[PDB]
Amino acid sequence: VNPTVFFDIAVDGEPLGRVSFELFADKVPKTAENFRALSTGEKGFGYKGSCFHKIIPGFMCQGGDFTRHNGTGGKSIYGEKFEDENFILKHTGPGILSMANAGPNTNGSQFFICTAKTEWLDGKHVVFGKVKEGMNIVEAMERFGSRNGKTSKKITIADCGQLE
């Protein structure tokens, strides 16, 4: 019953491929739900059209700032911010999907996809999903990043929604 959502990823507008994700609703219901809803855009805003504004090769690709596209924006579907649901799940390797934040209980809409084991984030970021299909696309994405996270082409979610 875990949901599956997808991003049609594009680079300066040119389709790269579809990545799909398993959201672990069975362990972090509220967090999975937030990402699911923002992927369908059913609440009237969401991820369609936003970019990955920070990609650091060999570390992670971060996105989800759909209000300001630069790491300052984003909102949850619950209000402005919500709490750390739990730290059951660990950053075990590439493909892990996890919440960006600015300290305890500051979950918005921003997230990142690990491109390695990043266990130093364990117990400080809530892990809630995993890539599933199209890890390779996220690897291709890694290559438009830089050591500081500035990206050298506009990597976008041209479309997104739920597959199941």
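In this structure, residue 109 does satisfy being part of a loop (DSSP other than H, G, I, E, B) and out of contact with any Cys (no Cβ under 6 Å at 6 or more places or on another chain). Considering region 26-42, the residues that are over 19 Å from residue 126 (Cβ atoms) and more than 14 Å from the chain's Cα centre (by Cα) include one that is surrounded by the fewest Cβ atoms within 10 Å (Cβ to Cβ), namely 42. Residues that are in a loop (DSSP other than H, G, I, E, B) and of a type in the set (S, T, N, Q) were ranked within region 55-104; the one that is surrounded by the most Cβ atoms within 10 Å (Cβ to Cβ) is 76.
Residue 45 meets each of the listed conditions (1) in a loop (DSSP other than H, G, I, E, B); (2) crowded, with 24+ Cβ neighbours inside 10 Å apart from (2). Here region 1-25 is the region considered, the condition is being assigned to a strand (DSSP E or B), more than 12 Å from the chain's Cα centre (by Cα) and among the acidic types (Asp, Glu), and the residue that is surrounded by the most Cβ atoms within 10 Å (Cβ to Cβ) is 8. Do the conditions hold for residue 135, that is, is it under 19 Å from residue 16 (Cα atoms) and surrounded by 22 or more Cβ atoms within 10 Å (Cβ to Cβ)? So residue 135 fails the test. Remark: residue 81 matches the filter, which requires a residue to be touching a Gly at 6+ places or on another chain (Cβ under 9 Å) and closer than 30 Å to residue 1 by Cβ.
Rule-based calculations on the coordinates, nothing more; no lab input. Neighbour counts are summed over all protein chains in view; Cβ atoms, including those assigned to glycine, are modelled from backbone coordinates with ideal geometry.
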